[PDB]
Amino acid sequence: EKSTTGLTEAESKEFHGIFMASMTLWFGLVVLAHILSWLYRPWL
Amino acid sequence: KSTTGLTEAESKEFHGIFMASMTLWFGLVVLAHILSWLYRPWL
Amino acid sequence: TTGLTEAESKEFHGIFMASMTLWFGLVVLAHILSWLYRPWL
Amino acid sequence: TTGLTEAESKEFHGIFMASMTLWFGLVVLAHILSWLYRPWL
Amino acid sequence: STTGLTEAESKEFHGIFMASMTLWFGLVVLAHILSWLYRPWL
Amino acid sequence: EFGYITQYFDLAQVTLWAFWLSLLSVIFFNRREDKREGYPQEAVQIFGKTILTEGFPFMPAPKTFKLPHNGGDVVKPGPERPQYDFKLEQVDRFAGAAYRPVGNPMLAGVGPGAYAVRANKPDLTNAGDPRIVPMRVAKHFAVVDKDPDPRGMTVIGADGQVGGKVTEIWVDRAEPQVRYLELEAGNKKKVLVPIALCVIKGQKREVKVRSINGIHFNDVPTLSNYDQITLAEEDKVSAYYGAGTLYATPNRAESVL
Amino acid sequence: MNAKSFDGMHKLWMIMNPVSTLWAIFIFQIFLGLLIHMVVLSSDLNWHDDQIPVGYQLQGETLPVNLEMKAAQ
Amino acid sequence: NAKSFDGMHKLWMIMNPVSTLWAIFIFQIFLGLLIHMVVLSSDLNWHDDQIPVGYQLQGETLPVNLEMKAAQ
Amino acid sequence: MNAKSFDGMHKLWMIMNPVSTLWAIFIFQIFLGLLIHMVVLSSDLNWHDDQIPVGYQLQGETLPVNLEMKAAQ
Amino acid sequence: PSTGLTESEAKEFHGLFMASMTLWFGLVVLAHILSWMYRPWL
Amino acid sequence: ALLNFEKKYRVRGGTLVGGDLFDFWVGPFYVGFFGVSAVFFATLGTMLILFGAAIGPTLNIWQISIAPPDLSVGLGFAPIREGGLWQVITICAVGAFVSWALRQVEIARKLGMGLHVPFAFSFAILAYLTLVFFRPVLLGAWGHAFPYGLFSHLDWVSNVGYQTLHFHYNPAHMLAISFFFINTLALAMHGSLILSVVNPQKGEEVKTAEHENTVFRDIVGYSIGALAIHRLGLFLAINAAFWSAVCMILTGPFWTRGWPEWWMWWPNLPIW
Amino acid sequence: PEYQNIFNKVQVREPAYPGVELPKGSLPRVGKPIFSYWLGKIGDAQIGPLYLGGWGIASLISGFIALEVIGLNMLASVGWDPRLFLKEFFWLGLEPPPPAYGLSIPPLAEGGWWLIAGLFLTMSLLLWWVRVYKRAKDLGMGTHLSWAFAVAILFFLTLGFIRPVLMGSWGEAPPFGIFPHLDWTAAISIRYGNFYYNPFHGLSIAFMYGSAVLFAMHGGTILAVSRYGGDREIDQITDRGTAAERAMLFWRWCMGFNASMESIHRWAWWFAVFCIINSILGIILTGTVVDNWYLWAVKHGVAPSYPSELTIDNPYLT
Ligand code: BCL
Ligand code: BCL
Ligand code: BCL
Ligand code: BCL
Ligand code: BCL
Ligand code: BCL
Ligand code: BCL
Ligand SMILES: COC(C)(C)CCC/C(C)=C/C=C/C(C)=C/C=C/C(C)=C/C=C\C=C(C)\C=C\C=C(C)\C=C\C=C(/C)CCCC(C)(C)OC
Ligand SMILES: CCCCCCCCCCCCCCCCCC
Ligand SMILES: [Ca+2]
Ligand SMILES: [Ca+2]
Ligand SMILES: [Ca+2]
Ligand SMILES: [Fe+3]
Ligand SMILES: [Mg+2]
């Protein structure tokens, strides 16, 4: 009846772990880029 | 009858997490606006 | 692939090469006459 | 994939390389003549 | 085996592919050295 | 100076020539693809001899269609199946004269009543089932209300007389739509009529078939098995209804003015 | 190695069709020939209209017979 | 960092070699035409730069052509 | 976590097709290469038309042979 | 296995993918060092 | 010459005028009463175009021109050298076009099929008659029609367009152009789809109707069907022709300002 | 009269068809199919489902970013008023940079938004190209629909990117409006001396007229033999019936030659593609090679020469 993706609960836990790790790393790199840009050419 | 296949327990679970997430999002919005008002007041 | 044997291909090739040589000879002659009449380089 | 055996491929390759070399020779000759007549660089 | 090539056939193809690509890049480098000698652009 | 000229030859000119040559060359290839059906043609000579000619440009080399579900190979241009047995008399003694049917024009298979000789297999779906079937074999179909269900109506036949009554609908499973109406005729046979030759009046509860007359519904060709139809049978049925457009009344082939 | 690395090259024609390749090469060469001739004709290197070794339309306009006819008009 | 590229030859077990060859060749021809056209549209153009000499100008000032243009 | 958080990562290719991904990456890289070259050519950093280390069309217009021919007309 | 690769095949592919990406980024860095030496933009 | 299968279909009957006298073929063509008429009128019209080129300044193919009368002739009869030749040729043209349509009707009756093609041809004929008959009559002069010449009817088109300052803002013109563009798009997609289904990827079977539906539902979400695309085709082409006729009957007879000023009815609605 | 086969008189429903099975490794199709009675009067009644994969999502993100940009600039040009937006809608537009800026990137309210919208629309159409190609190829069909689409994309890029770059200005490209883009059409004809004397323009007009002619002819002919099963073209191709025979006799008798049931579709393909090929060729030469099409036509012996009778004095010569 209900919409499902075929993932069990263990597979979902696994995917979630790696997804959150990757997103955190990406945001870290973004923050670093903005600190460099502020040091070079402040916009506010 | 229109139905989603969720029972009442599943709906309760979904509702809990939905409300928590929406509250956190609105908190972040309020913080952004306080910073913007301190920097460049518009009214 | 074309149905020609090797003998038929040899025959065709003989006449094809003869004809092409004669054609190029006539072309060279036409250009010598044109150079004598109206040199372009 | 093409139905050619290895011997047929070797044969074709021999003649293909000979023909390409002759063609490039003629190209080089044409360019030497053009450089003698009208140098472009 | 998705392309039907075995591992030996793939090794063979890879050998010749790398040789050909190296030769092509060599010719490119030579063309650029001649062009720099004739008409330097930087 | 308003119209001074520097040089006569330009790029637009050359490019236009190139286009004239690129057309003039797709014409060639299309005209060659046009001749994979119906060729070589038959040219009649000075005193009646017939030869096969091929035209300009010449016919292409044969290509193959591989039909699905082991339906065989089709080579084109290739052989032809033999014509059946039409009888015709020429009207005037020259190669370009017209012909007259010899017997009963309705049952002759000449003129608008000619048909082709196709395979004796049904057309298939993507799953391997027969494509055109009655609505009792296809148990999932239903007529949308808002539309007149033709089952039950009568089949008035172009001179005002009754032909029979509609008893079944034949559907198309690959594209859901109606293709044939089945009816019981005056001599209690089951015959088909294509849906594209029927005007359906819901309130009169009639189906008007302008092609043939009422008594003509007794001689419509019949099917082998009534759970499917083959390509040959489709051709025969449709051609019989098309012969009536010129042969039903003796006045139909006779110069309006 | 640097000499034995092109040994199996002849096997190229076991995966590429020879007739199709020949036709493709010939057609491409003809197209490129036409294109380069047209590109060079549209530059300062043009050799039909450069009036070397002489201008022929100008030569026809100043023939003594044509000049004498144009004077009588 | 020298044993990192051992399994590379297996590339041709998932990519079709003939399709890849054709793709590479076609891309290279297109890029060749494009770069030649981009360089011909710049200050680096080598057909119209009149080096080592201008040929149309050379034809306009031949003594025969000059003497014919003077008679007009 | 934070030291061994990316150990499952190789499982990525059990949900994403490797050959499709390779092709997508290659095509995107070529498109981006063309785009960045065109964006930098349309700025003050342009390196084809800056006439450094010399202007070549201007060099051809002032050759002594061309100057002497243009004087004679 | 929505792609049909097992876990061993995925590990293999991942190894070579990461090596190739690292080499590519190395070449990019080298190109930018040369460009900075020739025409500094910041 | 006859096709492999042609002989059993060459029967007598089906005609409108004439009868058994003109019911024959000449080569592949079918003649009939209207075949004789059409060839008669085409030959006469062509020969008169050529003569009108002979009395002009040049026989260059691009620069021949036969022009209509002046506006002072009104709806009368012009001298032969100053407009009457144009009138005779424009009578021949109508005769030939209508003959063509009726011959089509005879052929379709003989083969047992519907009259859709002559019916669609009728709308081209109607557009021509709008440009040479209806618009001139409503404006009061034959000299409002176009001259017969390549390159010379284009000067007419240009100047007529600029008599309204900007002819792009004509509403029926916009609608007709919409139909023309959509028709070319539809024809490209239809051609491509049938070719693709009977010429599949190397070493595959001919595909089916389900494939035809699936491909467009995957790309776009809706598929119109194999019989409805033919309908959609007849529809788009006929509508293009129809709205062209309307746009020309509006220009001059029913509107004499600039065409941008018509549209002014919209921002002047008292509702914004 | 007789039934003309223009509308469906009786409709029938079965459960929706999900579609031919895709190769393994594919995403599912999104949407639950619905039925339209009014669409079923003229054609197929099912709407959906739809296939959204990698390339058709990147496309649709690009396209909607572009649409948001275009819409917002049109709305800023009236002062944000939606009432005025509806009132003057056919006159609004997003305008290209001033021609004096050349090929540089101008500031945002003086042509930079035009540049952004152009870039995003371009990327949208190229991603859609890849989608169309892969969708036809995964079902095992020939890729003929991608060739024609490629031609159309090339015409969009020619007028818009390639010609403005070859000229040296972004201000040579069309704006995004209705009446604004019509004004662009007229002005480019006026500046380069009369497009009626452009020969590629004449040839593309020949092929647009021909597209309308050919598709009226084909649509008519197949509706006229649909009583003999002619609307099912695949079977008439792989097993020629009486519908195809009558269809080809009609044209043979009428104009002396004919096509077959498969060949007419190649004629359609080419007539639709030559129109746009000549479009590209005519735009790419305008301005870059030819500066006045009327003077070109006069130099090559094409334009007629009306009698004069008068003399007008050019006041710049006096
Ligand atoms: C004055 C402004 C500054 C400037 C200010 C900033 C700021 C601020 C940022 C950037 C960021 C980026 N800049 Mg910058 N940048 C400048 C000039 C440039 C120029 C140039 C021609 O001048 C270029 C080509 C770049 C290009 C880039 C990209 C490397 C990066 C955008 C990543 C992205 O698109 O998401 C692609 C994202 C995905 C596909 C999803 C997530 C990525 C995952 C993990 C997989 C992708 C592979 C890999 C990680 C891709 C990125 C490579 C690097 C390792 C980050 N900048 C000037 C000098 N730039 C962004 C960045 O650093 O991100 C970290 C960023 O925040
Ligand atoms: C003068 C005006 C101020 C300004 C005033 C504001 C105000 C006020 C707000 C923002 C908000 C945003 N601004 Mg701001 N902003 C300015 C200039 C910028 C510039 C720039 C290039 O100049 C950029 C790139 C941004 C970008 C952003 C985004 C981060 C954010 C909108 C998020 C969104 O749409 O979620 C849509 C997506 C979802 C709902 C999905 C779920 C979210 C996902 C998972 C994460 C998205 C990013 C997240 C919120 C931040 C990272 C996580 C946290 C670090 C934990 N601003 C200037 C300086 N901006 C809004 C915001 O931050 O709210 C939180 C907001 O209220
Ligand atoms: C300044 C320029 C010169 C000029 C310079 C040249 C040059 C240079 C050449 C020609 C050539 C030709 N010129 Mg010239 N030509 C000029 C003016 C003319 C005029 C004219 C109205 O002014 C005409 C009608 C021609 C006509 C011709 C053709 C005979 C011939 C190209 C043949 C061809 O296309 O074969 C293509 C067709 C085929 C291959 C099909 C097969 C042919 C078969 C076998 C039979 C055809 C007969 C053949 C054409 C003639 C040979 C017969 C002999 C009497 C034995 N020239 C002016 C005066 N001309 C070409 C030539 O002479 O060819 C040898 C050539 O190289
Ligand atoms: C300033 C410029 C020079 C000039 C510079 C050059 C240069 C440089 C070259 C040419 C080349 C060619 N030039 Mg040139 N050329 C000039 C003016 C002309 C004029 C003219 C009307 O003015 C003409 C008609 C030609 C015609 C030709 C062709 C013969 C040849 C292109 C061949 C080709 O495309 O094959 C493509 C087709 C194929 C490969 C298909 C297969 C061909 C087969 C094998 C047979 C073809 C016969 C072959 C063309 C000639 C062989 C004759 C000998 C007896 C062997 N040039 C002016 C004077 N020209 C090219 C050439 O000579 O090649 C060797 C070349 O490199
Ligand atoms: C100021 C600028 C210079 C100039 C600078 C450069 C530079 C730099 C380069 C070229 C290159 C090329 N130049 Mg250049 N070039 C100039 C003027 C010209 C002119 C002319 C009419 O003015 C022409 C016709 C050419 C033509 C060529 C091609 C031979 C070559 C492009 C190959 C290619 O497209 O690969 C496309 C096709 C393939 C890759 C297919 C793969 C190979 C296949 C199997 C067969 C190809 C044979 C190959 C074309 C010829 C090399 C054979 C040798 C005789 C051994 N140049 C001017 C004078 N040119 C490129 C080159 O030489 O490559 C090594 C190159 O890097
Ligand atoms: C002022 C600015 C500088 C400049 C600054 C830069 C900078 C900075 C960069 C480049 C990069 C590139 N530049 Mg640059 N560049 C300039 C002028 C040029 C000119 C020219 C006509 O003027 C050309 C033709 C190039 C061409 C190139 C390409 C070689 C390269 C982009 C490749 C790519 O898109 O891969 C996309 C395709 C793929 C990723 C496919 C995947 C891998 C494939 C299978 C292998 C391809 C090999 C690759 C081309 C390198 C081969 C070299 C060998 C290792 C010897 N530049 C000017 C002088 N250029 C980039 C680069 O070099 O990358 C390393 C780069 O970072
Ligand atoms: C400055 C000029 C104006 C302009 C002024 C006009 C004028 C004035 C007219 C149009 C008309 C049209 N314009 Mg406008 N138009 C302009 C710009 C455009 C642009 C564009 C992209 O800018 C487009 C796409 C159009 C498109 C169109 C069409 C809507 C319409 C032409 C089709 C038609 O009439 O069919 C109708 C078909 C016919 C008339 C064909 C007749 C067919 C006959 C019966 C058969 C002949 C057979 C033959 C003799 C046989 C030869 C046989 C051989 C054996 C082969 N115009 C510019 C702005 N336009 C025309 C129109 O709408 O007329 C009704 C019209 O008069
Ligand atoms: C209020 O509305 C909201 C926001 C809510 C959304 C609603 C959206 C609406 C109503 C939109 C209405 C849109 C209309 C009417 C659009 C009209 C469009 C028309 C008719 C457009 C016609 C032609 C335009 C063309 C041909 C443009 C071509 C542009 C091109 C090819 C651009 C090329 C630029 C490129 C590739 C970028 C290069 C940039 C760079 C960075 C490389 O430069 C160096
Ligand atoms: C020998 C007896 C037959 C004579 C030849 C027939 C001549 C036909 C008359 C010419 C055309 C008629 C003019 C009008 C035709 C109808 C207009 C649509
Ligand atoms: Ca010369
Ligand atoms: Ca030079
Ligand atoms: Ca430089
Ligand atoms: Fe069709
Ligand atoms: Mg404007």
# chains A, B, ... in the order shown; residues from 1 in each chain; ligands from 1
$ residues_near_ligand --ligand "ligand 13" --cutoff "7 Å" --atoms "only C-alpha atoms and all ligand atoms" --output "mmCIF file with N, CA, C and O atoms, in the first residue's frame"
data_model
loop_
_atom_site.group_PDB
_atom_site.id
_atom_site.type_symbol
_atom_site.label_atom_id
_atom_site.label_comp_id
_atom_site.auth_asym_id
_atom_site.auth_seq_id
_atom_site.Cartn_x
_atom_site.Cartn_y
_atom_site.Cartn_z
ATOM 1 N N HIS K 190 7.216 13.226 -35.997
ATOM 2 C CA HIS K 190 6.556 12.065 -36.574
ATOM 3 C C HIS K 190 7.474 11.244 -37.504
ATOM 4 O O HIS K 190 7.571 9.995 -37.372
ATOM 5 N N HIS K 230 -1.978 11.891 -37.341
ATOM 6 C CA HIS K 230 -2.430 12.235 -38.672
ATOM 7 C C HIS K 230 -3.522 13.296 -38.669
ATOM 8 O O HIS K 230 -3.512 14.201 -39.521
ATOM 9 N N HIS L 218 -0.059 14.009 -46.256
ATOM 10 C CA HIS L 218 0.092 12.721 -45.582
ATOM 11 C C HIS L 218 -1.054 12.475 -44.611
ATOM 12 O O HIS L 218 -1.561 11.351 -44.538
ATOM 13 N N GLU L 233 0.728 1.969 -39.268
ATOM 14 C CA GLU L 233 1.756 2.042 -40.287
ATOM 15 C C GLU L 233 2.830 0.961 -40.130
ATOM 16 O O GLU L 233 3.418 0.561 -41.141
ATOM 17 N N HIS L 265 8.102 8.934 -44.692
ATOM 18 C CA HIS L 265 8.622 9.428 -43.428
ATOM 19 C C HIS L 265 10.054 9.985 -43.553
ATOM 20 O O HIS L 265 10.414 10.934 -42.852
#
$ calpha_fit_rmsd --fixed "chain I" --moving "chain G"
0.5 Å
$ residues_around --residues "residue 58 (chain H)" --least-positions-apart "4" --cutoff "9 Å" --atoms "only C-alpha atoms" --output "MDAnalysis selection string"
(chainID G and resid 50:52) or (chainID H and resid 53:54 62) or (chainID I and resid 66 69)
$ residues_near_ligand --ligand "ligand 14" --cutoff "10 Å" --atoms "only C-alpha atoms and all ligand atoms" --output "ChimeraX atom specification"
/L:91-96,174-177,179-185,187
$ interface_residues --of "chain L" --to "chain I" --cutoff "12 Å" --atoms "only C-alpha atoms" --output "tab-separated table (two decimals) with N, CA and C atoms, in the first residue's frame"
chain	number	residue	atom	x	y	z
L	24	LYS	N	17.76	-3.39	-16.68
L	24	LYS	CA	17.99	-3.46	-15.24
L	24	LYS	C	19.04	-2.46	-14.78
L	25	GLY	N	18.73	-1.81	-13.65
L	25	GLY	CA	19.53	-0.73	-13.11
L	25	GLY	C	18.87	0.64	-13.25
L	26	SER	N	17.62	0.67	-13.75
L	26	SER	CA	16.92	1.93	-14.02
L	26	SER	C	16.09	2.37	-12.82
L	27	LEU	N	15.77	3.66	-12.80
L	27	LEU	CA	14.89	4.20	-11.78
L	27	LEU	C	13.45	3.90	-12.16
L	53	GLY	N	15.22	10.94	-14.58
L	53	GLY	CA	16.50	10.40	-14.18
L	53	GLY	C	17.50	11.54	-13.95
L	54	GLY	N	18.76	11.27	-14.28
L	54	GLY	CA	19.80	12.20	-13.92
L	54	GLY	C	19.77	13.43	-14.81
L	55	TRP	N	19.64	13.23	-16.13
L	55	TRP	CA	19.77	14.34	-17.05
L	55	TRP	C	18.49	15.20	-17.11
L	58	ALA	N	18.62	17.76	-13.89
L	58	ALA	CA	19.51	18.89	-14.11
L	58	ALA	C	18.89	19.85	-15.11
L	101	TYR	N	29.55	47.51	-24.77
L	101	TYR	CA	30.25	46.68	-23.81
L	101	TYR	C	31.01	45.53	-24.49
L	102	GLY	N	30.76	45.24	-25.77
L	102	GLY	CA	31.47	44.21	-26.50
L	102	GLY	C	31.11	42.81	-26.03
L	103	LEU	N	32.15	42.00	-25.71
L	103	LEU	CA	31.91	40.65	-25.24
L	103	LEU	C	32.24	40.51	-23.77
L	104	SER	N	32.48	41.60	-23.05
L	104	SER	CA	32.73	41.52	-21.62
L	104	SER	C	31.48	41.15	-20.85
L	105	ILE	N	31.62	40.92	-19.55
L	105	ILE	CA	30.47	40.62	-18.69
L	105	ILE	C	29.98	41.91	-18.07
L	106	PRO	N	28.79	42.43	-18.44
L	106	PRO	CA	28.38	43.75	-17.98
L	106	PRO	C	27.78	43.65	-16.59
L	115	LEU	N	22.50	37.75	-19.77
L	115	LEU	CA	23.59	36.82	-19.95
L	115	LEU	C	23.40	35.56	-19.09
L	119	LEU	N	22.78	31.71	-20.46
L	119	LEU	CA	23.61	30.58	-20.09
L	119	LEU	C	22.78	29.40	-19.53
L	122	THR	N	20.76	27.64	-22.20
L	122	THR	CA	21.61	26.79	-23.02
L	122	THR	C	21.84	25.43	-22.35
L	123	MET	N	22.27	25.49	-21.07
L	123	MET	CA	22.57	24.26	-20.38
L	123	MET	C	21.33	23.36	-20.32
L	126	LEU	N	20.93	21.49	-23.67
L	126	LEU	CA	21.89	20.41	-23.90
L	126	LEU	C	21.64	19.18	-23.01
L	127	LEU	N	21.22	19.41	-21.75
L	127	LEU	CA	20.87	18.28	-20.90
L	127	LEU	C	19.63	17.55	-21.42
L	130	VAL	N	20.62	15.14	-24.16
L	130	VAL	CA	21.13	13.86	-23.68
L	130	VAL	C	20.00	12.96	-23.18
L	134	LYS	N	19.18	9.17	-24.75
L	134	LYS	CA	19.24	7.98	-23.91
L	134	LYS	C	17.87	7.32	-23.80
L	161	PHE	N	24.31	33.12	-29.71
L	161	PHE	CA	25.67	32.98	-29.17
L	161	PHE	C	26.73	33.08	-30.27
L	165	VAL	N	29.10	36.43	-31.03
L	165	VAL	CA	30.54	36.34	-30.81
L	165	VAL	C	31.32	36.69	-32.08
L	168	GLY	N	31.20	40.46	-32.34
L	168	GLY	CA	31.91	41.17	-31.29
L	168	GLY	C	31.00	41.89	-30.28
L	169	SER	N	29.72	41.49	-30.15
L	169	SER	CA	28.82	42.18	-29.24
L	169	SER	C	27.70	41.27	-28.82
L	170	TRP	N	27.35	41.27	-27.53
L	170	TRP	CA	26.19	40.51	-27.08
L	170	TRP	C	24.94	41.26	-27.49
$ residues_near_ligand --ligand "ligand 1" --cutoff "6 Å" --atoms "only C-alpha atoms and all ligand atoms" --output "list in words"
residues 26, 29, 30, 33, 34 and 37 of chain A
$ atom_distance --atom1 "CA of residue 136 (chain F)" --atom2 "CA of residue 168 (chain F)"
8.3 Å
$ select_by_dssp --residues "chain H" --states "alpha helix (DSSP H)" --output "PyMOL selection string"
chain H and resi 17-40+55-60+63-70
$ residues_near_ligand --ligand "ligand 3" --cutoff "7 Å" --atoms "only C-alpha atoms and all ligand atoms" --output "ChimeraX atom specification"
/C:23-24,26-28,30-31,34,38
$ residues_near_ligand --ligand "ligand 10" --cutoff "8 Å" --atoms "only C-alpha atoms and all ligand atoms" --output "PDB file with N, CA, C and O atoms, in the first residue's frame"
ATOM      1  N   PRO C  39      48.006  32.180 -68.986  1.00  0.00           N
ATOM      2  CA  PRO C  39      48.692  31.696 -67.771  1.00  0.00           C
ATOM      3  C   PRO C  39      48.147  32.367 -66.514  1.00  0.00           C
ATOM      4  O   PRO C  39      47.928  33.594 -66.495  1.00  0.00           O
ATOM      5  N   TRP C  40      47.899  31.554 -65.475  1.00  0.00           N
ATOM      6  CA  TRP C  40      47.149  32.032 -64.320  1.00  0.00           C
ATOM      7  C   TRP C  40      47.999  32.216 -63.069  1.00  0.00           C
ATOM      8  O   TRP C  40      47.544  32.816 -62.113  1.00  0.00           O
ATOM      9  N   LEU C  41      49.228  31.692 -63.048  1.00  0.00           N
ATOM     10  CA  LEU C  41      50.098  31.905 -61.910  1.00  0.00           C
ATOM     11  C   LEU C  41      51.221  32.868 -62.301  1.00  0.00           C
ATOM     12  O   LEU C  41      51.603  33.046 -63.461  1.00  0.00           O
TER      13      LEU C  41
ATOM     14  N   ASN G  46      44.755  34.599 -52.333  1.00  0.00           N
ATOM     15  CA  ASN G  46      43.934  34.274 -53.489  1.00  0.00           C
ATOM     16  C   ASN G  46      44.776  34.388 -54.764  1.00  0.00           C
ATOM     17  O   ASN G  46      45.527  35.357 -54.945  1.00  0.00           O
ATOM     18  N   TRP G  47      44.653  33.399 -55.658  1.00  0.00           N
ATOM     19  CA  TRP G  47      45.501  33.314 -56.839  1.00  0.00           C
ATOM     20  C   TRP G  47      44.715  33.429 -58.148  1.00  0.00           C
ATOM     21  O   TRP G  47      45.319  33.408 -59.212  1.00  0.00           O
ATOM     22  N   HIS G  48      43.385  33.565 -58.100  1.00  0.00           N
ATOM     23  CA  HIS G  48      42.638  33.728 -59.345  1.00  0.00           C
ATOM     24  C   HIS G  48      42.403  35.191 -59.672  1.00  0.00           C
ATOM     25  O   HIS G  48      42.423  35.564 -60.828  1.00  0.00           O
ATOM     26  N   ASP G  49      42.206  36.030 -58.646  1.00  0.00           N
ATOM     27  CA  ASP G  49      41.852  37.427 -58.824  1.00  0.00           C
ATOM     28  C   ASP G  49      42.984  38.374 -58.448  1.00  0.00           C
ATOM     29  O   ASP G  49      42.748  39.578 -58.353  1.00  0.00           O
ATOM     30  N   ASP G  50      44.205  37.888 -58.276  1.00  0.00           N
ATOM     31  CA  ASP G  50      45.258  38.764 -57.814  1.00  0.00           C
ATOM     32  C   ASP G  50      45.838  39.610 -58.943  1.00  0.00           C
ATOM     33  O   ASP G  50      46.660  40.485 -58.674  1.00  0.00           O
ATOM     34  N   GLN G  51      45.372  39.391 -60.185  1.00  0.00           N
ATOM     35  CA  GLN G  51      45.871  40.087 -61.358  1.00  0.00           C
ATOM     36  C   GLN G  51      47.376  39.877 -61.547  1.00  0.00           C
ATOM     37  O   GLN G  51      48.090  40.785 -61.926  1.00  0.00           O
ATOM     38  N   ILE G  52      47.851  38.661 -61.278  1.00  0.00           N
ATOM     39  CA  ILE G  52      49.211  38.255 -61.568  1.00  0.00           C
ATOM     40  C   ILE G  52      49.110  36.996 -62.404  1.00  0.00           C
ATOM     41  O   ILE G  52      48.378  36.086 -62.056  1.00  0.00           O
ATOM     42  N   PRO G  53      49.810  36.848 -63.542  1.00  0.00           N
ATOM     43  CA  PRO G  53      50.794  37.819 -64.039  1.00  0.00           C
ATOM     44  C   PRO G  53      50.252  39.026 -64.801  1.00  0.00           C
ATOM     45  O   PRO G  53      51.045  39.878 -65.186  1.00  0.00           O
ATOM     46  N   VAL G  54      48.941  39.095 -65.045  1.00  0.00           N
ATOM     47  CA  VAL G  54      48.351  40.259 -65.678  1.00  0.00           C
ATOM     48  C   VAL G  54      46.860  40.275 -65.405  1.00  0.00           C
ATOM     49  O   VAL G  54      46.278  39.221 -65.158  1.00  0.00           O
TER      50      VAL G  54
END
$ residues_around --residues "residue 18 (chain E)" --least-positions-apart "3" --cutoff "12 Å" --atoms "only C-alpha atoms" --output "count of residues only"
15
$ residues_near_ligand --ligand "ligand 11" --cutoff "12 Å" --atoms "only C-alpha atoms and all ligand atoms" --output "VMD selection string"
(chain D and resid 35 38 to 41) or (chain E and resid 38 to 39) or (chain G and resid 40 43 to 45) or (chain H and resid 40 43 to 55) or (chain I and resid 56 to 57 59 to 61)
$ interface_residues --of "chain J" --to "chain A" --cutoff "12 Å" --atoms "only C-alpha atoms" --output "list in words"
residues 1, 2 and 42 of chain J
$ write_last_selection --atoms "N, CA, C and O atoms" --output "short mmCIF file (atom, residue, chain, number, x, y, z; two decimals), in the first residue's frame"
data_model
loop_
_atom_site.label_atom_id
_atom_site.label_comp_id
_atom_site.auth_asym_id
_atom_site.auth_seq_id
_atom_site.Cartn_x
_atom_site.Cartn_y
_atom_site.Cartn_z
N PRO J 1 22.58 -4.67 -4.42
CA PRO J 1 23.26 -4.65 -5.73
C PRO J 1 22.34 -4.17 -6.85
O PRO J 1 21.98 -4.94 -7.73
N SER J 2 21.95 -2.89 -6.78
CA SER J 2 21.12 -2.28 -7.81
C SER J 2 21.91 -2.01 -9.09
O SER J 2 21.33 -1.73 -10.13
N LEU J 42 45.02 37.93 -8.66
CA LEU J 42 44.47 38.46 -7.41
C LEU J 42 45.41 39.51 -6.83
O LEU J 42 46.62 39.52 -7.07
#
